[PDB]
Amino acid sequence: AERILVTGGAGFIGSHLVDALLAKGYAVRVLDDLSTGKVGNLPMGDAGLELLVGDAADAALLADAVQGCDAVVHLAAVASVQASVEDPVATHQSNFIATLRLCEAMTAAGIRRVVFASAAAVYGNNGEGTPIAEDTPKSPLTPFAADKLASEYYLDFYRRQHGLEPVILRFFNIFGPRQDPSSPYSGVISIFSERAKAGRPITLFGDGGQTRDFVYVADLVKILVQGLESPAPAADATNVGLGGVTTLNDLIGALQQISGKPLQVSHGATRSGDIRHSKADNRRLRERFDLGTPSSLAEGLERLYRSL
């Protein structure tokens, strides 16, 4: 049985990927420092699962972790953009050095396929209010965003210089069960859903007209598995957004209806770094992957709410 190394596999997106890889018959090795990841997210009773707790920027750990692995999915990073604004030096280790060290370890081990979690943040404000195509000029505004873009550049260098096979995916806004809502900068759907379940007020920053291209985690996981299994993945990046439009106000009403309970909406000022309109151009994604019928917002919110 083939083995998949998944960095950041104990986190929100990773642990769902781990569940799906195991069900398909893969062996899975998780590398995670448990900074936001959780052992309780993993099916520790699965004989096909191994867990290494450590830093993904640690070259000695990566030299051990890649041995016996046939492919990689690189999800480890400090996901909070705001954390990179507060501490660019520390987060640069997790958000870029880990990518560089993984490229070194994969090339030494002879492993070619790596699926990489890049981010819509590399566009910055360029293309706002339009479907953002992948060749939109880049404008990373934070150390996180610049580190994701730098990661793409280095992955492409190892592709051309050393035969690596990167699958670069720029996630738009992912949501669903296990997304951690404990931070004021957690994803808005995890925060809003947690408050609605508890019967407590949510806070809306701005007028609510901001739009996001939300993707339910199970649809992203399908794309991640396809990235591991495709015979000759494209060299350049692929947006993972649906090209859908959801205002925060749409989200508030849909969530309130699903919860069956009243929802108080308090106000706060528009966030300083807030992009108003964000939407992916889905053409490369629809050409390169079989999306099937993705979950609608309502379907994804219901699955989230019913899990808590």
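Quick note: we count residues from 1 along the sequence shown, nothing fancier.
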Problem set entry | Given 15 to 23 and 288 to 296, the range whose Cα B-factors average higher in the PDB entry | 288 to 296
Exercise. In the PDB record, does 24 to 32 or 53 to 61 carry the higher mean Cα temperature factor?
Worked result: 24 to 32
Problem set entry | Among 249, 239, 278, 257 - the residue whose C-alpha B-factor is largest in the record | 257
Problem set entry | Within-chain third of residue 75 by Cα B-factor, per the entry | lowest
Exercise. Should residue 123 be placed in the lowest, middle or highest third of its chain by the C-alpha B factor in the entry?
Worked result: middle
Seminar exercise, completed: Split the chain's modelled residues into thirds by Cα B-factor; residue 213 lands in the lowest
Problem set entry | Third assignment of residue 115 from its chain's C-alpha B-factors | lowest
Problem set entry | Among modelled residues of the same chain, the CA temperature factor third for residue 194 | middle
